[PDB]
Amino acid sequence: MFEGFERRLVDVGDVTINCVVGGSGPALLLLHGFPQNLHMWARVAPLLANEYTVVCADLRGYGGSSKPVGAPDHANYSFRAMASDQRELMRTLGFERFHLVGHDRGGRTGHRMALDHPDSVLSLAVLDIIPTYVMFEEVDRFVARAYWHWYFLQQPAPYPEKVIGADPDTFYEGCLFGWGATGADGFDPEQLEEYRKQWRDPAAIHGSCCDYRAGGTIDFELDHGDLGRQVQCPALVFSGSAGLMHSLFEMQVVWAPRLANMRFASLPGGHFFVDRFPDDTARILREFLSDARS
């Protein structure tokens, strides 16, 4: 995978970020989510590398990046800290400004990065997510059941860590395959093994739990404080139209207040649509990036 891309472990502040870099053209940072890592972009990145310098990076707590022990207030795993790492990675790789695409946690990191450092983000695509603030503030019995892990993973360490660690493949496969009878079909075998191998690392089990602890505390408070602001660069809300999120919330409604320049796109898949629709994901991203740059 990532034939021809340079593989780099870059020290940024107090953590090291694992990434692959390939291509030429404007920089494009692709950030993964849970329970995955930069390998979710194994097919999409090579397709866009004919026009962009594509960087796929692992968020702190995931894949090959540092996984520090979470602080009692979880602040070292807020999206502000996660975004800072990635923005500094890009600056180190020589890119002061860059386009950003983020799925799941990576989209949340991107949203926070655009609010914290508007000048660094040329465009923002958030894949299959609604704002973290809305997820919690408007939770109801249906949202809490669908997103049960948003609450289980917030339990104090080391409880989720020990429960997950007793059989991580079973635990994460549930988060990845979800409950449809299609469920595991469609994942590329090679990318799926990268999710498996990397998630069995107890330090990554811990780091991802800390990301979720922060989400419901520090991130929620930071997001609350920024409700009077909008992301100003061109933005794309890109959803899996056959997924649970597209079904419980209206994209326009939850995002319009956060994005000053918003476009929409969807593919007929679920939350992990990038895994099943690599080529079409690359196509939609390329069209949006072209629109953004115009």
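Numbering starts at 1 and follows the sequence shown.
For the pair 227-235 and 27-35, the mean Cα B-factor is higher in 227-235. Between 180-188 and 163-171, the higher mean Cα B-factor belongs to 180-188. Across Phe152, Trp199, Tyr147, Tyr77, the greatest Cα temperature factor reported in the deposited entry is at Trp199. Out of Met40, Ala57, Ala49, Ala260, the entry records its largest CA B-factor for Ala260. Ranked by Cα temperature factor within the chain, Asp279 sits in the middle third according to the deposited record.
When the modelled residues of the chain are ordered by their C-alpha B factor, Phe98 lands in the middle third. Looking at the C-alpha B-factors along this chain, the one for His206 belongs to the lowest third. Per the PDB record, residue ranking by Cα B-factor puts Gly70 in the middle third of the chain. The deposited CA B-factor of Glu137 belongs to the middle third of values across its chain.
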